Amino acid sequence: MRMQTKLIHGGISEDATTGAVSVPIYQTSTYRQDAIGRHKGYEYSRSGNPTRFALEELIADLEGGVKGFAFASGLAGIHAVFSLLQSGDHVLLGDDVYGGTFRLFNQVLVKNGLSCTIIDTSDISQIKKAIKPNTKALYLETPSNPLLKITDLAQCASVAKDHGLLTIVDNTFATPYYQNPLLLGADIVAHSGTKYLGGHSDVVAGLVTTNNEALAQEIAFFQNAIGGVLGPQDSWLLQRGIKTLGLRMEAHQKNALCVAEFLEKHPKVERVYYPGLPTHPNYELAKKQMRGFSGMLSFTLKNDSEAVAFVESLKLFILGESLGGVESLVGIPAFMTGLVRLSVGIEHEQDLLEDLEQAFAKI
Amino acid sequence: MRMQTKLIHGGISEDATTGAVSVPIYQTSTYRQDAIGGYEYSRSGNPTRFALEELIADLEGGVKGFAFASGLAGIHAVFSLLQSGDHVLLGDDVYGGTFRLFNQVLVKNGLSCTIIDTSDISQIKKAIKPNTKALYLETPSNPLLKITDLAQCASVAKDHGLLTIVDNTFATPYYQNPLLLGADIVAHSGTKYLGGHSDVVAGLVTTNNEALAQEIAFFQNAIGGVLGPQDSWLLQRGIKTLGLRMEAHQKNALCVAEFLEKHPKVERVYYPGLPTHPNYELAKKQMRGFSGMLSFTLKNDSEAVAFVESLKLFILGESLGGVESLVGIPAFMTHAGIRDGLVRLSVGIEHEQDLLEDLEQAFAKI
Amino acid sequence: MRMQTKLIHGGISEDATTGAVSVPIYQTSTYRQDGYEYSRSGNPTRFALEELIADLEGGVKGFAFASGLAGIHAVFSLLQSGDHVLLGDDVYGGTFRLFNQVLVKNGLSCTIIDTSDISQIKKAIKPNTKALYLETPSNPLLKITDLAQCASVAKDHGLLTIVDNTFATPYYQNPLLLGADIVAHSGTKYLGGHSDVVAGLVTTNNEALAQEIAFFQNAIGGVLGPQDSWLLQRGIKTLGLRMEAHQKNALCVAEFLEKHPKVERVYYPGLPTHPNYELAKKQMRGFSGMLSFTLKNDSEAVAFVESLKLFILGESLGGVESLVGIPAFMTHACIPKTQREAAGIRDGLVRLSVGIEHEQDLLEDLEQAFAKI
Amino acid sequence: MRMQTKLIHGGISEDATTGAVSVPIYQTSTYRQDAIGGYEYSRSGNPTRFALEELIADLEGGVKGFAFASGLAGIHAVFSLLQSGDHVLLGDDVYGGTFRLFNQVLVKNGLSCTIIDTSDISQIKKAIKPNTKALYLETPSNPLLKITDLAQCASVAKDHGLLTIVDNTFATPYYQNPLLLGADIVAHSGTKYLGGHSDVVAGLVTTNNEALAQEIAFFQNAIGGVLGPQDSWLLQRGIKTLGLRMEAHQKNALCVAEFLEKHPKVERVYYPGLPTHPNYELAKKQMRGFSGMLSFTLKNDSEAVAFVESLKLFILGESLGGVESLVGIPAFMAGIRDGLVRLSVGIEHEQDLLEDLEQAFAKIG
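Protein chains in written order, with the deposited numbering: chain A, 1 to 337, 354 to 379; chain C, 1 to 37, 41 to 338, 349 to 379; chain H, 1 to 34, 41 to 379; chain M, 1 to 37, 41 to 336, 349 to 380.
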């Protein structure tokens, strides 16, 4: 079965006992057991839950892993991933990773004996040079946010492997529909389900999956030990949202192209950051490792002062703080995470252009 | 507003714009701004979650409330307040998962702990180091229901540089308020009595202190182990009957304890409400009642499994604090005074007679 | 075999084919082929010494250089541009000069820190720090640095602990056994011992580091000749006895100096009153012949040194002959005066390399010099 | 919402319950509670004061605003964050009372300062000590209108562990917004351009930073140098015409600068709006306009007092930033010659202002 068919029938997508084409929401905390040391499969909802498990199975099935793990948020998942390491360990970050991941290290992890080194990861040599005797992981994120900066996954993975290093990839922007880091040498993949996977701006969730059984034992342990689990209703809604991913990602791509092209041939606009443009640095690398480009695009205007007047005069893009939803979103990462980030939604392309038009006419 | 009225109308229990007597569920990740510069992003804040947070703050007399994906998610973020190189003092019978947090997650993140009997006040004195930054209390204890003087402990804690953190899961806010007794931070598993219907996994933390509130607020948002709006809403709904439930829990538990103690095959009963309990007077002092938690040791240890496996009403299972009665053997589940034969009962709200008849029939099988 | 026996029979101390109890001097640049090829890559006289120093400091490999500086240069040639290094504030002027004048122009960076204060090193670590250079006891204030502590902290960041072990020789202190990754020596000093050889020695715990050092010894070409290799090895054979005598003499001299009305402060790790005496005792099996002392009147330091007739007014140290210098007017003349006082180096500070002469002759020379001020 | 609009509807410009287009004046000291557990005590919080604080936060791009009894009391509270044994860099011509605050109040409390020319970015680099915590800028500067590059000094301070503190009184939030140029704390003397009507003594402070906001709040409350409700309200009221007043101030000030410059009897003229002014290109870049503040030194230095005492429209008085024209010799009230005349150009008719100057010049040699 193909990706499109897997989004609908993958993992667990059916109640085995009733035939329900939808996995039931197990709003429960505990489970009755036959004799002690002989359970019915589930013991306690923090450790495992049939609804959450179905979702965890789905994301594993999609990214080509052995196990999935659903979390209360993207950050909670990432946090649990880094709980695999001791104090005295080192991690190499990309120079433009998501701000909350930076704050995770800066303010939570570093504090606990975990050191990081920020480097440009599209500069393969900057990673070669940055490894210390205690470096235990390489944390990549491509396309990056904002700026959509592409990193070479297979290369970095190869390089991380001949050193005793973990390749941990944040696949949020380019979904499992467009990119599968585990098939390119990654050990652990993390998403914000809060974004595209959910895709209706109505769930806060993180998903992690892995290629490695030993890694999976570890991640499980810390999901259970720290307990930042995804609830069953959210799990169910995430899975429901995931069902449409393919169609949504297609529509996201189609729209964001029209938007990028229109923006590039504009008098008010200077540079434009989108992976689908032949004009974007490493465009070739992208077509190599991505089956498509999402709906994210940063960009800048020649007049750097108007940035805030432009964003605030738009009437169809929602001025808000997330991305990856069916509604188009807009931000300015200066005060949020003269650069303007667009999360192109799945509204009619013309209405999106007409909305950008009228907001340009105003500056 | 008294406790029993507060449970229903406390924190935010109403929708202000619409008038709705229930808080609406905000299944939403992000909010439109008229910005740039109330709500911005659901991990940082959410109206459903907030209403519950205000509720629990209101019930414990804290300045802020914090809702987590699980009890443990809450405790974890509480200990994220500390730097590597810091020292923590622990109870010798703290909940199994709390001990595992330190042993498996927090020690390897550079924190050190020391296990002392918290009912022994001089043991806490003797165990204090220069890097000791906090004392962690759980009373009554899981699973032996051991009682610890909260005023005394917080007193000794306060006149060193120490934080007094209390897990108040067993007594809930209906029967004990550690903040009003000198504690700095209070943590619950909302999965237990607060939800009460064994259908939600949830943590709740609250604090006396405005600055401490900012720190927890920081690590709630930064680590991101937040309760979802649906679970927040359901947990709030559960809390509305907390008062009535705890009374039934206490009435039944009292009845059961007095049955088990008078029973031929039983050796000791651990229940704070039994006059013969170590620190029974101290319980009456710091608690407005005892919950539904008790455990007992049966004269012949080898019969504990067979006893537990032949109960027909009590559900053999992992958790506690629900309307349905639960039973476990701590030795083989959640995990000094703990013998393989120890049996822990979570007395639910069924008919006292239905619960007694169940135990009667199970003893007849050993 | 124990350290004292190891100075005589360790590394390679014997010619296997001929039986000679002294390794032959291979004054050759090349070798016929049908395990040596070129003397800049490998030479059996140098190799013998190399094995010895590795064997004494408990290393996997040794590397003999044309000079102490040459070795320290080879070590720091490991790091790429962008890398940052932590240096002790009492670092050898030439080591400080290497960074200031050679390595910086190549893309390195440093920060100067008092290494006797462990929190200072913590405050100074950057994400791009790769190394920590330690030197204990220090010149000229003989200030002690907790080797194990500093090695450990450095290890739990991504750092290589590099220790200059010249002053307290492998006979009294073994950094690699206390968490150091690389040990460097100026063989010019106590190791050779007869002020007649200029040489560097470098050894390491780590096979991978050893391949790195080996490569740079060879590619940069600052190697030690076979004659000097042999001379250095000969000197090392009496390292034990000489150190015993250095220390005996030094203790005696230090004790004399603090009995002394004109002398203010004496800096010697073997004195109980020395800051970190207890730490000294933990990581050192003894103290060297190195000491300084400040006298109450600064301007009297010139006259004191000038009237000395046994101590030789000289620049070096660690030989069998006693040496005297005034760090402010010799080893540190370039540095602005008010900065020298900032770093504890008064114009009245006098450094002695206490040699192995009869202690009484050494003391009678000090008495007559005092008697003349 | 644009700045011109924001001055009228920003922060809180309306009573929520009643719909009043003006914020009501809460002459109250205390509030009934249904406690134990919004407003508790007027020193901690007052709805009127808060309205003004929200407005300034909103104007400067801050997260919180803070209203004080005076510009000084605010500056005080800002520096109250620092421990003893800390170090601070000061502009060589910061406000006379800002120096007297450090010189005589904060120093004896264990604080240390170094006077530097901040328009010399290399000079600040030369003065950083290991114990230095903050740089304090003031541009344009009193009374020479010396301009400092906010963006660079912020950067230089940002890559060290330093706090950028800016006194934005002169070029108001309408012309300059330091917080967007990498500043951490902005402070105003509300007594000046913000009130605009020379009838309120006030100080306003705002910040980019949550943790700094917690701190400033703490010290505003603990020292208690808070602004009253009536003064807050009058201040907010004043702020509503800020945009209109600043435009007229500039239009007049440029008109005067060009009169004084082309004048035979005048020597130098200080005004950021003059092309021939140190760092004029810098002014244009970080400021959206030049204000009503200008100074000038005349050729006959001893006849400075005679000039000032013969002005009929301009008022010889002790302040600035009002709708009426003010004049003072900053020396009587390092650049400052005992014949430097400082002009606070009001919003009166320029012809009337110029005709007051003509007649004053026509009485000196």
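No residue lacks a Cβ here, since even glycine has one placed at the ideal position from N, Cα and C.
Separation of residue j from residue i, as counted between CA atoms
i                      : j                      : result
residue 381 of chain H : residue 87 of chain H  : Given that chain H is displayed from residue 1 to residue 379, the structure contains no residue 381 of chain H and the question cannot be resolved.
residue 71 of chain M  : residue 139 of chain H : 53 Å
residue 38 of chain A  : residue 355 of chain C : 19 Å
residue 237 of chain A : residue 200 of chain A : 9 Å
residue 283 of chain A : residue 127 of chain A : 21 Å
residue 125 of chain C : residue 187 of chain C : 21 Å
residue 31 of chain M  : residue 42 of chain M  : 7 Å
residue 83 of chain M  : residue 89 of chain M  : 11 Å
residue 11 of chain M  : residue 33 of chain C  : 15 Å
residue 300 of chain A : residue 261 of chain A : 14 Å
residue 38 of chain C  : residue 259 of chain C : Position 37 is followed directly by 41 in chain C, which means residue 38 of chain C is not present among the coordinates.
residue 54 of chain A  : residue 134 of chain C : 45 Å
residue 152 of chain C : residue 15 of chain A  : 50 Å
CA nearest to the CA of residue i, picked from the options
i                      : options                      : result
residue 196 of chain H : H/175, H/208 and H/207       : H/175
residue 81 of chain M  : M/276, M/266 and M/220       : M/220
residue 192 of chain M : M/186, M/57, M/203 and M/218 : M/203
residue 207 of chain M : M/213, M/214 and M/228       : M/228
residue 29 of chain C  : A/280, A/293 and A/205       : A/205
residue 47 of chain A  : A/217, A/105 and A/290       : A/217
residue 380 of chain M : M/309, M/105 and M/370       : M/309
residue 35 of chain M  : C/264, C/334 and C/1         : C/1
residue 163 of chain H : A/162, A/328 and A/132       : A/132
residue 98 of chain H  : H/49, H/123 and H/323        : H/323
residue 263 of chain C : C/292, C/214 and C/374       : C/374
Whether residue i touches residue j by CB criterion (8 Å)
i                      : j                      : result
residue 224 of chain M : residue 66 of chain M  : no
residue 332 of chain H : residue 307 of chain H : yes
residue 184 of chain M : residue 154 of chain M : yes
residue 51 of chain M  : residue 78 of chain M  : no
residue 294 of chain A : residue 239 of chain A : no
residue 325 of chain A : residue 298 of chain A : no
residue 96 of chain M  : residue 349 of chain M : yes
residue 150 of chain M : residue 281 of chain M : yes
residue 44 of chain A  : residue 148 of chain A : no
residue 60 of chain A  : residue 92 of chain A  : no
residue 278 of chain H : residue 26 of chain H  : no
residue 114 of chain H : residue 85 of chain H  : yes
residue 157 of chain A : residue 171 of chain A : no
residue 296 of chain M : residue 179 of chain M : no
residue 58 of chain H  : residue 74 of chain H  : no
residue 357 of chain H : residue 146 of chain H : yes
residue 63 of chain A  : residue 194 of chain A : no
For this session: Determine, using beta-carbon pairs with one atom in the region 261-276 of chain A and one in the region 312-324 of chain A, whether at least three such pairs fall under 8 Å.
Result: no
Self-check item: Continuous beta strand (DSSP E) assignments of at least 3 residues falling wholly in the region 71-122 of chain A
Solution: Whole beta strand (DSSP E) segments, 3+ residues: 89-94 and 114-119.
_Quick test of the definition: if touching needs 3 or more C-beta pairs under 8 Å, does the region 135-149 of chain C touch the region 165-174 of chain C?_
yes
**Study point:** Touching by the beta-carbon criterion (3+ pairs, under 8 Å), the region 239-250 of chain H and the region 7-27 of chain H
**Key:** With a cut-off of 8 Å, the region 7-27 of chain H and the region 239-250 of chain H count as touching, because enough Cβ pairs lie within range.
Exercise for the section: Kindly provide the ranges of any beta strand (DSSP E) runs that are 3 or more residues long and lie completely inside the region 112-177 of chain A, ordered along the chain. Expected result: 114-119, 135-140 and 166-170
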